[PDB]
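A.B. asks: Okay, so the sequence shown: first residue is 23 according to PDB author numbering, each after it adds one. Cβ coordinates follow ideal geometry from the N, Cα and C atoms, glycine included.
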Amino acid sequence: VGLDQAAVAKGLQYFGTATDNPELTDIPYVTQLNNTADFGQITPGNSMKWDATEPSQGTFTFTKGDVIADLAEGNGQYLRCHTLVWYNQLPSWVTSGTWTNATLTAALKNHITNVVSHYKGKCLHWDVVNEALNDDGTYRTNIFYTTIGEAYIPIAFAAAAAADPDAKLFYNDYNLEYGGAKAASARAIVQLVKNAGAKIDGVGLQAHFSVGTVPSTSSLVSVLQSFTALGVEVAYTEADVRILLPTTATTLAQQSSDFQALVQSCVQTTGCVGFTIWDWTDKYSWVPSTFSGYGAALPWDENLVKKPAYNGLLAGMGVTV
Ligand SMILES: *[C@@H]1O[C@H](CO)[C@@H](O)[C@H](O)[C@H]1NC(C)=O
Ligand SMILES: *[C@@H]1O[C@H](CO)[C@@H](O)[C@H](O)[C@H]1NC(C)=O
Ligand SMILES: [K+]
Ligand SMILES: [K+]
Numbered sequence: 023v024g025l026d027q028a029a030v031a032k033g034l035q036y037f038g039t040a041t042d043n044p045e046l047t048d049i050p051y052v053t054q055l056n057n058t059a060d061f062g063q064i065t066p067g068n069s070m071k072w073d074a075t076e077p078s079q080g081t082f083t084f085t086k087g088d089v090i091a092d093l094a095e096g097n098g099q100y101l102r103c104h105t106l107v108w109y110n111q112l113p114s115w116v117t118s119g120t121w122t123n124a125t126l127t128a129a130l131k132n133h134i135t136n137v138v139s140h141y142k143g144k145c146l147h148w149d150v151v152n153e154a155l156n157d158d159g160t161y162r163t164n165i166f167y168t169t170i171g172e173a174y175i176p177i178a179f180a181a182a183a184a185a186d187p188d189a190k191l192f193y194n195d196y197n198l199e200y201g202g203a204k205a206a207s208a209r210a211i212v213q214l215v216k217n218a219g220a221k222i223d224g225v226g227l228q229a230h231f232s233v234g235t236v237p238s239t240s241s242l243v244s245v246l247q248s249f250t251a252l253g254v255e256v257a258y259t260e261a262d263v264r265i266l267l268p269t270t271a272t273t274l275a276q277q278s279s280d281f282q283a284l285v286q287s288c289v290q291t292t293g294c295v296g297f298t299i300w301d302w303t304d305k306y307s308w309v310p311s312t313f314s315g316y317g318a319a320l321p322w323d324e325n326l327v328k329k330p331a332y333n334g335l336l337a338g339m340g341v342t343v
């Protein structure tokens with residue numbers, strides 16, 4: 023039994039993975055990325071972001087995004103399209119522009135209409151707005167927030183809904199799994215979009231963790247239910263469990279338990295629709311280039327060989343290992 027087979031047997035829509043264009047020349051890697059027993063869903067890690075899709079104002083480039091979309095379509099995998107609005111990976115014409123509310127609003131809507139229209143009908147989900155919150159649940163400053171104010175959030179959701187009524191529109195963020203101030207502010211963003219009369223269908227919980235900081239399965243279920251209570255779906259969108267190198271048998275076992283708890287929380291929760299890992303092999307993980315001294319965060323090692331966490335994920339989906 024593979025991870026996606028295990029997931030669908032427990033009522034999830036998918037088990038899936040992010041990938042990135044540079045990795046697709048690695049044939050042993052793509053062979054496993056194309057293994058639909060394990061991966062029912064793909065996220066483009068970078069090539070649908072604003073710097074990749076609109077590198078100058080009004081000029082759209084989809085070649086690299088379409089490689090990932092076409093690979094998912096070729097495999098019959100779902101696509102999570104990622105991400106329209108975010109402080110990071112913006113081109114300089116957005117960050118350095120001389121904007122007014124009106125002109126940046128128009129440029130925002132035009133970006134979203136062009137990208138969402140291009141992929142219309144291809145995207146199970148869109149991450150429409152990514153990481154709009156500071157750690158304390160205030161709004162993260164970015165040029166949209168300083169120019170348009172918090173209205174940029176419902177504006178973005180309304181523009182995506184108009185261009186592709188069939189895509190489920192997500193708000194995506196990290197550290198919501200702890201509850202507290204940041205999760206409360208994520209629920210406030212859901213209510214802001216509903217108050218504005220705009221569509222929002224989901225909250226994405228990225229599930230970037232350091233090993234040993236994942237709470238109990240029941241704690242996670244409670245937090246997921248705090249979002250499904252609002253009438254949105256949830257999903258774990260970018261899961262990884264980073265270890266301060268070097269690894270030991272103890273931290274590999276804790277990593278397995280941590281992944282196991284995360285996927286079982288999704289299995290238990292009505293309205294948690296799926297689970298995505300942020301790539302699948304340590305060879306291509308973002309973690310070392312982001313979290314200094316950390317690594318080995320994923321269920322396959324840098325030689326594409328299963329780690330204990332692969333069986334932890336299966337155990338969290340009720341499979342006898
Ligand atoms: C992976 O699947 C895609 C989509 O069907 C296909 O284009 C590609 O050739 C496959 N690659 C390998 C190594 O199987
Ligand atoms: C920008 O315009 C929208 C639409 O009127 C409005 O909701 C929002 O509050 C404005 N923001 C600022 C900072 O003026
Ligand atoms: K579920
Ligand atoms: K990568």
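Please report the distance separating the alpha-carbon of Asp88 from that of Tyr200.
C.D. replies: Here the question's residue 88 lines up with position 66 in the sequence shown. Here the question's residue 200 lines up with position 178 in the sequence shown. Approximately 35 Å, taken between the alpha carbons.
A.B. asks: Are the beta-carbon atoms belonging to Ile222 and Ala182 less than 7 Å from one another?
C.D. replies: Taking the sequence shown and counting its residues from 1, the one referred to as residue 222 is at position 200. Taking the sequence shown and counting its residues from 1, the one referred to as residue 182 is at position 160. Result no, Cβ atoms of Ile222 and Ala182 do not sit closer than 7 Å.
A.B. asks: Secondary structure at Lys190, three-state DSSP: helix, strand or coil?
C.D. replies: Locating residue 190 in the sequence shown gives position 168, counting from the first residue. Looking at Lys190 - three-state DSSP - the assignment turns out to be strand.
A.B. asks: Let me have the residue list for ligand 1: C-beta closer than 6 Å to any non-hydrogen atom, ordered along the chain.
C.D. replies: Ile49, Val52, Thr53, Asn56, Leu93, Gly96 and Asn97
A.B. asks: Relative to the C-alpha of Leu191, which residue among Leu106, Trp308, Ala29 and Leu326 is closest?
C.D. replies: For this step, residue 191 is matched to residue 169 along the sequence shown. Closest by alpha carbon: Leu106.
A.B. asks: Examine ligand 4 and report whether any of its heavy atoms sits within less than 6 Å of the Cβ of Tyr316.
C.D. replies: The sequence position of residue 316 within the sequence shown is 294, counting from 1. No, since every heavy atom of ligand 4 falls outside the 6 Å radius drawn around the Cβ of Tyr316.
A.B. asks: Does the region 235–249 come close enough to the region 306–325 that 3 or more CB-CB pairs lie under 8 Å?
C.D. replies: no
A.B. asks: Quick one, which of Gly98, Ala203 and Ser69 has its alpha-carbon nearest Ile90's?
C.D. replies: If you number the sequence shown from 1, residue 90 lands on position 68. Of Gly98, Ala203 and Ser69, the residue nearest in Cα terms is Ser69.
A.B. asks: Tell me where the alpha helix (DSSP H) around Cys288 begins and ends.
C.D. replies: Locating residue 288 in the sequence shown gives position 266, counting from the first residue. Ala271 to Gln290 is the span of the alpha helix (DSSP H), which, as asked, contains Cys288.
A.B. asks: For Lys204, which of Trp300, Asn156, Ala129 and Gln228 has the nearest alpha-carbon?
C.D. replies: Along the sequence shown, read from residue 1 onward, the residue named residue 204 stands at position 182. When each option's Cα is compared against that of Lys204, the closest is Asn156.
A.B. asks: How should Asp92 be labelled, buried or exposed, when 16 other C-beta atoms within 10 angstroms of its C-beta is the threshold for buried?
C.D. replies: Counting from one through the sequence shown, the residue named residue 92 turns up at place 70. Classification for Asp92: exposed.
A.B. asks: Ordered along the chain, which non-local residues of its own chain (more than five positions away) have a Cβ less than 7 Å from that of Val343?
C.D. replies: Translated into positions along the sequence shown, residue 343 becomes position 321. Around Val343: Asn333, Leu336 and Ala337.
A.B. asks: How about the region 69–86 and the region 111–120: do they share at least three Cβ pairs that are nearer than 8 Å?
C.D. replies: The region 69–86 and the region 111–120 touch, with no fewer than 3 CB-CB distances between them shorter than 8 Å.
A.B. asks: Please confirm whether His230 and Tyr196 have their CB atoms less than 7 Å apart.
C.D. replies: In the sequence shown, residue 230 corresponds to position 208, counting from 1. In the sequence shown, residue 196 corresponds to position 174, counting from 1. Their beta carbons are under 7 Å apart, which means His230 touches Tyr196 by this criterion.
A.B. asks: May I ask you to report which of helix, strand or coil DSSP gives residue 367?
C.D. replies: The structure shown has nothing for residue 367, since the chain only spans 23 to 343.
A.B. asks: Could you check what DSSP says for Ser241 in three-state terms: helix, strand or coil?
C.D. replies: Position 219 of the sequence shown holds residue 241. If DSSP states are grouped into helix, strand and coil, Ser241 belongs with the helices.
A.B. asks: What is the DSSP secondary structure of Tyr332, reduced to helix, strand or coil?
C.D. replies: One-based indexing of the sequence shown puts residue 332 at position 310. Helix, per DSSP.
A.B. asks: Bridge partners for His140 per DSSP, in chain order?
C.D. replies: Taking the sequence shown and counting its residues from 1, the one referred to as residue 140 is at position 118. Per DSSP, none; premise fails for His140.
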